[PDB]
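Q: Before I ask anything, let me first share the structure, which is written out below as structure tokens.
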Ligand SMILES: *[C@@H]1O[C@H](CO)[C@@H](O[C@@H]2O[C@H](CO)[C@@H](O)[C@H](O)[C@H]2NC(C)=O)[C@H](O)[C@H]1NC(C)=O
Ligand SMILES: *[C@@H]1O[C@H](CO)[C@@H](O)[C@H](O)[C@H]1NC(C)=O
Ligand SMILES: *[C@@H]1O[C@H](CO)[C@@H](O)[C@H](O)[C@H]1NC(C)=O
Ligand SMILES: *[C@@H]1O[C@H](CO)[C@@H](O)[C@H](O)[C@H]1NC(C)=O
Ligand SMILES: *[C@@H]1O[C@H](CO)[C@@H](O)[C@H](O)[C@H]1NC(C)=O
Ligand SMILES: *[C@@H]1O[C@H](CO)[C@@H](O)[C@H](O)[C@H]1NC(C)=O
Ligand SMILES: *[C@@H]1O[C@H](CO)[C@@H](O)[C@H](O)[C@H]1NC(C)=O
Ligand SMILES: *[C@@H]1O[C@H](CO)[C@@H](O)[C@H](O)[C@H]1NC(C)=O
Ligand SMILES: *[C@@H]1O[C@H](CO)[C@@H](O)[C@H](O)[C@H]1NC(C)=O
Ligand SMILES: *[C@@H]1O[C@H](CO)[C@@H](O)[C@H](O)[C@H]1NC(C)=O
């Protein structure tokens, strides 16, 4: 019992996406499907590969032929995005499909909103100095976060999150510049310069 | 239909995380409860389905934690107690209700059980304010140095709600987690209003409450 | 954080109330072993929960008598009995009185007033106590206590004793007599002390060491020797002496210990023919199935992985994860073909069409139900397969009913022929490629086995591991059980043979059924330990002789007598002094 | 308590048979018995 799915398929709104579960060696008619929004209980889209279980929208559909097992999804909506899993049935225990991360184009690109913060008085006092930049409501989830200690490059101790899915179907990103209190005080401007589709931003707290 | 599970854990390699999955909203006895391993940064991987009337369970070879799915008919709880623990046994384990035939149909699994399995200790945050810069100042809290995930950062113990946009944690230079919760606050509200992030970390029994000040 | 230090000889106490005089007495009792780690602490400018373990130790250096309190138990919510002890203005004040607790239980102290330190009621250590199963009332210095729960008796011991040392436990020896016994009955798993908030204190953990004790004339323990401390101190526990005079003694026996284990079952050769069951092209029908007994074979459950495999592998008797080493006795694979939805009708606590009439397995049944789709193969359709549609009642466990008699629906006799109210019990399934998956015949097997309680014939499939050589291991070869050191050998074993043996009948060799080769065996090591000492009148330096071994398993030398540690070889030769063996005589000189 | 005379006894739960005498052996405040090399109960102390 071996199958595999495409790692992801990034498709566009109103386009149809048929997600591939392609099983190795033996196959049975029964197969199942999923969407999982990150960090959530996987929800079954399809049943016996021939049946969308009740409660699953009409755009989610399923089929299969031989080794091929398909989740046919239609007319993407910007909120729909998730990770799409399949299930081999019988023929000895199963490999769940590795998932399809849905990256939908045509979502709205925006300049990331910078909330940039110095270390708190108790962060400086304790000696752990975190200059905290934040990045909000930017599509797609992308940055290169370049911390500027004064105007110089910071090659180490600057923290970078991998951009994540937010409540708005937007993408939020955190970055902290971690220093000693000494490294914090002696450089005036810690500049958050976030390269987004090739476009950096500027917001800073003067130290 | 509904499954309530065990709490969050940090588990020693070789120890046993016992994940209860308790049946609500349906009948324990009519359904195989499948179990699936979602680790952080991974996909679903089969471990085993339980039978509710039948203690004998197919377990995955693959990763083998000597997983024994014990079907508790008194409390309607399918247990997965995963031994042979490992940093890859850090995972969100979904117990999945499904038919008792070679019909395996599983829709609403457990809510997920976020169980770290690691040598590290359970550690909560060290709370800190964020210092601010028409009339809206940017302040908040950077959560610090905690383990494991997850963490829910509230504000003012329920006295502060709106304006919050919470940014889940950085995987940091220590392999730990610093998240920045930020409420957008007015400048006229500064000095007449208290801003306190209440950052709860359950596995470590840590509550620290602290004021955010300009 | 803990800042450790070295226990020295502290924590020796009278193990009972007996008296003796001038008599070395070896007692085996939980003590604080000599020279160990002691988790240390402070009171500065700090009293966390610790483990209670089997017992504890304690101390403190008080000019000011600031460490006054103790709180033990399981929980510290009061859901246990919550022990307590308090010491007020030299007045001993005890309780078990049980209360709701707090985060920073403490004692208050004030600076230079008429009443010294005040806060003598400070005592927000908890809320309020309720049900009391006992009650009582009453650097320059050193305190020492011992707290151990045994037989519902939480003991105490003590010495309130003067010192001059600031930094650590002084070096010296003073016994600890008991003060109290409380029949409290708790099980303490932890505890916490209670400071006096504006004073070092220690902790050990009692271990089941064996001390040699020396009582004196008056019966006050003057001295002790741990047995297990080190090579010499086992020679004092053997002799019951504090003076160990010159010459070689003998104390212990060291035994090398197994590395992991070795299972061996023959690979390949022949096995339990699960394939001669499962891949049989046509199984028997459901009304009449195939019972094929499986006996005296290494099980084949390995190969069941790579194949079409099953529609489901489902074990109603025991976990398949058990089956691998689980030893069956009477093995029965139940080999038959049924329609699809009827795999739901083969199981315990199940009713339906099949389980009632043409095939039956118990609801306490022990086995594993196996099926997989024959849609690909059996159909052409396939009318070789059939079920019994009607019978007059419900079946018994393991009754194959092949009787073709016509089911009589009505009162009129059928006279062996069909007619009005006469039903042919046996209805075939046409399996046509145009009918769906639920109609598919699934190719069904059920393990039917007894688990234990019959003599050994079939085991689970091979758990036989890989094989390790020249290294002390534990092993089992095909029912041969033993512990030894496996090597390669040259003894040509007989092809039809299995064991080698030896003149005392003890197993001296084997054959590896997976690859036939001749392994010797050999005991672990043995040897005795012989401490070779000049008289303790001279030096506490000892040189151990591990006898009769080769030096690995341990400044090392090697003798004809054995593995000698702690005596430098010397190319001279002198008259014998302490004879060791094979003409090697130690001595103490430079 | 009678001395220099072969008697039987129970002391505080200790029992045995022997000839009690006046002994100079100094016992310990918390120590109940005495003993001797063989574990044979030897010295005791009148509780009352
Ligand atoms: C000592 O108290 C503890 C807790 O009150 C008991 O220890 C538990 O024992 C059970 C088995 O009997 C274990 O499953 C638990 O893990 C133990 N808990 C801990 C914290 O060790 C113990 O029963 C008590 N001692 C005795 C002799 O009864
Ligand atoms: C005592 O503590 C040390 C740490 O310095 C540790 O290495 C040692 O193992 C401990 N003692 C024993 C007997 O293990
Ligand atoms: C000390 O303990 C005794 C015990 O009952 C108590 O009566 C007394 O009030 C306590 N405090 C002082 C200062 O004696
Ligand atoms: C034994 O008792 C006597 C009492 O006269 C005392 O002087 C002596 O010190 C005791 N022995 C020891 C070793 O302390
Ligand atoms: C059945 O045949 C397949 C070949 O298609 C083989 O891989 C499998 O091991 C066989 N099953 C058994 C139980 O021997
Ligand atoms: C053990 O397995 C190997 C290969 O799998 C085979 O060559 C060897 O003959 C087997 N041993 C026996 C006794 O058949
Ligand atoms: C034993 O020690 C004493 C002094 O403690 C010494 O006089 C004597 O010579 C020693 N014994 C031998 C045999 O040397
Ligand atoms: C001791 O062990 C070595 C292996 O390290 C071996 O070569 C040597 O022959 C052994 N000698 C004896 C006497 O056992
Ligand atoms: C003893 O002498 C021989 C040569 O005579 C030498 O090889 C050996 O190392 C010497 N032993 C020691 C312990 O010095
Ligand atoms: C015990 O009581 C008796 C009288 O009842 C008295 O003569 C004796 O002195 C007492 N001894 C002690 C140790 O209390």
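Chains as they are written, first to last, in the working numbering: chain A, 15 to 221; chain C, 5 to 218; chain Y, 464 to 1053; chain E, 3 to 50. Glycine is no exception: its CB is placed at the ideal position from the N, C-alpha and C atoms.
1. With 16 other CB atoms within 10 Å as the buried threshold, where does residue 37 of chain A fall?
2. Taking 7 Å as the cut-off, is the C-beta of residue 713 of chain Y nearer than that to any heavy atom in ligand 10?
3. Which residues mark the beginning and the end of the beta strand (DSSP E) in which residue 103 of chain C is found?
4. Note down, in chain order, each residue of its chain lying with its Cβ closer than 7 Å to the Cβ of residue 600 of chain Y, except the 5 sequence neighbours on either side.
5. With hydrogens ignored, establish whether the beta-carbon of residue 469 of chain Y is closer than 7 Å to any heavy atom of ligand 2.
6. Find out if the Cβ-Cβ distance for the pair residue 672 of chain Y, residue 693 of chain Y is shorter than 8 Å.
7. Would you say the region 62-73 of chain A touches the region 119-128 of chain C, given that touching needs at least three Cβ pairs under 8 Å?
8. Can a CB atom of chain Y be found closer than 8 Å to the CB of residue 77 of chain C?
9. For residue 190 of chain C, does the three-state DSSP call read helix, strand or coil?
10. Quick check on the burial criterion: 16 or more other C-beta atoms within 10 angstroms. Buried or exposed for residue 196 of chain C?
11. Name, please, each residue of chain A whose Cβ falls closer than 7 Å to the Cβ of residue 186 of chain C.
12. Is any beta-carbon of chain A found at less than 8 Å from that of residue 1059 of chain Y?
13. Using a Cβ-Cβ cut-off of less than 9 Å, list which residues of the region 99-118 of chain C approach chain Y; keep chain order.
14. Does at least one heavy atom of ligand 9 sit under 7 Å from the Cβ of residue 1034 of chain Y?
15. Let me know if residue 780 of chain Y comes out buried or exposed under the rule of 16 or more other beta-carbons within 10 Å of its beta-carbon.
16. For the candidate residues A:162, A:32, A:170, A:143, whose alpha-carbon lies nearest to that of residue 177 of chain C?
17. Candidates A:61, A:56, A:221: which alpha carbon is nearest residue 106 of chain C's?
18. Have a look at Y:591, Y:1009, Y:710 and flag the residue whose alpha-carbon is nearest the alpha-carbon of residue 1051 of chain Y.
19. Between which two residues does the beta strand (DSSP E) holding residue 1048 of chain Y run?
20. Looking only at C-alpha atoms, which of C:167, C:50, C:46 sits nearest to residue 298 of chain C?
21. So the candidates are C:12, C:62, C:27; which of them puts its Cα closest to the Cα of residue 209 of chain C?
22. Between which two residues does the beta strand (DSSP E) carrying residue 85 of chain A extend?
23. Could you pull the start and end residues of the alpha helix (DSSP H) that residue 137 of chain A belongs to?
24. Using a C-beta to C-beta distance shorter than 9 Å, which residues of chain F count as neighbours of residue 636 of chain Y?
25. Go through the residues and name those whose CB comes closer than 7 Å to any heavy atom of ligand 6, in chain order.
26. Quick check on residue 924 of chain Y: buried or exposed, where buried means 16 or more other Cβ atoms within 10 Å of its Cβ?
27. Along chain A, which residues have their Cβ under 8 Å away from the Cβ of residue 174 of chain C?
28. Could you check the C-alpha separation between residue 574 of chain Y and residue 566 of chain Y for me, to the nearest Å?
29. So, helix, strand or coil for residue 196 of chain A, using DSSP?
30. With a threshold of 16 other CB atoms inside 10 Å of the CB of residue 545 of chain Y, please say whether the residue is buried or exposed.
31. Leaving aside the five residues before and after residue 515 of chain Y along the sequence, list all residues of the same chain whose C-beta is less than 6 Å from its C-beta, in chain order.
32. Evaluate contact between the region 103-123 of chain C and the region 189-205 of chain C, counting only Cβ atoms and requiring at least three cross-stretch pairs below 8 Å.
33. For residue 1039 of chain Y and residue 952 of chain Y, what's the separation of their Cα atoms in angstroms?
34. Kindly indicate the opening and closing residues of the beta strand (DSSP E) around residue 216 of chain C.
35. Closer than 9 Å by beta-carbon distance: list the chain E residues that pair up with residue 679 of chain Y, in chain order.
36. Keeping to the same chain, check which residues put their C-beta closer than 8 Å to that of residue 50 of chain E; ignore five residues upstream and five downstream.
A: In short, the structure shows the following:
1. For the purposes of this step, residue 37 of chain A is taken as the residue at position 23 of the first chain. When all chains shown are included, residue 37 of chain A counts as buried.
2. By 1-based counting over the third chain, the position of residue 713 of chain Y is 250. Not under cutoff, so the answer is no.
3. The residue given as residue 103 of chain C occupies position 99 in the second chain. Unbroken beta strand (DSSP E) run through residue 103 of chain C: 95-103.
4. To locate residue 600 of chain Y, count along the third chain from 1; it is residue 137. Result list for residue 600 of chain Y: 556, in chain order.
5. The sequence position of residue 469 of chain Y within the third chain is 6, counting from 1. Every heavy atom of ligand 2 is 7 Å or more from the Cβ of residue 469 of chain Y, so no.
6. To locate residue 672 of chain Y, count along the third chain from 1; it is residue 209. To locate residue 693 of chain Y, count along the third chain from 1; it is residue 230. Contact flag unset, no.
7. no
8. If you number the second chain from 1, residue 77 of chain C lands on position 73. False, the Cβ-Cβ gap to chain Y never drops below 8 Å.
9. The sequence position of residue 190 of chain C within the second chain is 186, counting from 1. Strand, per DSSP.
10. The residue given as residue 196 of chain C occupies position 192 in the second chain. Counting Cβ neighbours within 10 Å, residue 196 of chain C comes out exposed, since fewer than 16 surround it.
11. Against the second chain, residue 186 of chain C aligns to sequence position 182. Residues of chain A passing the Cβ test: 129, 148.
12. Since the displayed chain Y opens at 464 and closes at 1053, residue 1059 of chain Y lies outside it and no answer follows.
13. 103, 104, 105, 106, 107, 108
14. Here the question's residue 1034 of chain Y lines up with position 571 in the third chain. Yes, the beta carbon of residue 1034 of chain Y sits closer than 7 Å to at least one heavy atom of ligand 9.
15. As a first step, residue 780 of chain Y is located in the third chain; it is residue number 317 there, counting from the start. Its Cβ being crowded by 16 or more others within 10 Å, residue 780 of chain Y is buried.
16. For the purposes of this step, residue 177 of chain C is taken as residue 173 along the second chain, with counting starting at 1. The shortest Cα separation from residue 177 of chain C among A:162, A:32, A:170, A:143 belongs to A:170.
17. Here residue 106 of chain C refers to the residue found at position 102 of the second chain. Ranking the options by Cα distance to residue 106 of chain C, first place goes to A:61.
18. Within the third chain, numbered from 1, the residue matching residue 1051 of chain Y stands at position 588. When only C-alpha atoms are compared, the closest one is Y:710.
19. The residue labelled residue 1048 of chain Y in the question sits at position 585 within the third chain. Note, residue 1048 of chain Y: beta strand (DSSP E), 1047-1049.
20. Nothing in the structure corresponds to residue 298 of chain C, since chain C is present only between 5 and 218.
21. Taking the first residue of the second chain as position 1, residue 209 of chain C is located at position 205. With distances taken between Cα atoms, residue 209 of chain C lies closest to C:12.
22. If you number the first chain from 1, residue 85 of chain A lands on position 71. Run containing residue 85 of chain A: 82-87, per the beta strand (DSSP E) assignment.
23. As a working note, residue 137 of chain A is residue 123 in the first chain. Its alpha helix (DSSP H) spans residues 135-140.
24. Looking for chain F here will not work: the only protein chains present are A, C, Y and E.
25. Y:729, Y:730, Y:731, Y:732, Y:976, Y:977, Y:978, Y:979
26. By 1-based counting over the third chain, the position of residue 924 of chain Y is 461. Per the 10 Å Cβ criterion, buried.
27. Along the second chain, read from residue 1 onward, the residue named residue 174 of chain C stands at position 170. Within 8 Å Cβ-Cβ: 173, 174, 175, 188, 189, 190.
28. Within the third chain, residue 574 of chain Y is the residue found at index 111, counting from 1. Within the third chain, residue 566 of chain Y is the residue found at index 103, counting from 1. Taking the straight line joining both Cα atoms gives about 24 Å.
29. As a position in the first chain, residue 196 of chain A is number 182, starting the count at 1. Here residue 196 of chain A sits in helix by DSSP.
30. If you number the third chain from 1, residue 545 of chain Y lands on position 82. Classification for residue 545 of chain Y: buried.
31. Translated into positions along the third chain, residue 515 of chain Y becomes position 52. Same-chain partners within the cutoff: 651, 652, 653, 654.
32. no
33. Counted from its first residue, the third chain places residue 1039 of chain Y at position 576. Counted from its first residue, the third chain places residue 952 of chain Y at position 489. The alpha-carbon atoms of residue 1039 of chain Y and residue 952 of chain Y are separated by roughly 41 Å.
34. Numbered from its first residue, the second chain carries residue 216 of chain C at position 212. That run of the beta strand (DSSP E) goes 210-216.
35. As a working note, residue 679 of chain Y is residue 216 in the third chain. The contacting residues do not exist; residue 679 of chain Y stays about 11 Å from chain E at best.
36. By one-based count along the fourth chain, residue 50 of chain E stands at place 48. Excluding sequence neighbours, residue 50 of chain E sits near nothing in its chain.
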